[PDB]
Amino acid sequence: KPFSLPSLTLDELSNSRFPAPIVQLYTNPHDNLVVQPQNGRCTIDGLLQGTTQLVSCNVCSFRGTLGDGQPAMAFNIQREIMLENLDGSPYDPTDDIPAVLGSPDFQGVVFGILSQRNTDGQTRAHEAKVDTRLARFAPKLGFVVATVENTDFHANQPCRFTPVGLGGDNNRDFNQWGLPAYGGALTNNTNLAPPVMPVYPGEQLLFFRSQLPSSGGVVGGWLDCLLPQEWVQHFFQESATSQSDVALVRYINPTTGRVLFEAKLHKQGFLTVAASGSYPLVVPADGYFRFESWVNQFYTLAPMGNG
């Protein structure tokens, strides 16, 4: 019940908003952004929020029953997935969540594989895209549309969508901080984990950053999470009582043992730093965060610099 962090190094962690390794720490100003992801939301005393669930390989997956194909770009056949929960139990659209757990929490096209294993055991699997911006992207209601090129799919049989990366044509097709309309076009999102922002003037959010694969275009594919998936799992299991609203943490150089920078880990489940501008930190990827002490919101962090 004393608070703790996992000791996994930066390059041992994975993203909580997509199954991808963490490759960088990244900071930027929060001006004209609402930062309100729904995956990778866990308070540091262990309360999961939004669409956050614990299975790393399930983030941005879908599972359910595949419907008939209809027309309408090689990916020009649309098939609906009537969703289940990721464990195969019936999805309850009335649960106090924004959408089926694991649903993507960004506007974009997820590229991956749609696989099937029929009731008789016959299997198939092919490329597929799930466009989270579509009017019929409605995982709160329990329906999404998959777009495919291949005609070899069976209606009224189980399916699983395994995400691999992005499937748009350019950077404008991917808006990582824009939430989808989970209930479909022209509906209001519900049960959202709240937005996050620095409270101390001059501070910026610090993200754990991945770079996703992409099926087309000159696409950066950068995806920021508030906490890596292992920190989410750790806080959930530990459920340590938060002695204040701010845990001071320090990032350590593994060679020297020297502190490289300080950050605040806020109780709501995100980091801030004393930095200005938009950049990836220059720090050893085999460094790691160490919990130091409980402080208050007036604590002044040492300037981060480049890291």
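Numbering starts at 1 and runs along the sequence shown.
Missing coordinates between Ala72 and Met73 amount to 4 to 9 residues of the deposited sequence. Stretches 215-223 and 197-205 differ in mean CA B factor, with 197-205 having the higher one. Comparing 108-116 with 148-156, the stretch with the higher mean C-alpha B-factor in the PDB entry is 148-156. Highest CA B-factor among the listed residues (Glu80, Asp131, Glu127, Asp95): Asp95. The top Cα temperature factor in the record, among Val34, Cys42, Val59, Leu271, falls on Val34. Among the modelled residues of its chain, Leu179 has a C-alpha B-factor that falls in the lowest third, as given in the PDB entry.
Ranked within its chain, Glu230 lands in the lowest third, by CA B factor from the PDB record. In the deposited entry, the Cα temperature factor of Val23 places it in the middle third of its chain's modelled residues. When the modelled residues of the chain are ordered by C-alpha B-factor, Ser210 sits in the lowest third. Per the PDB record, residue ranking by Cα B-factor puts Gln297 in the highest third of the chain.
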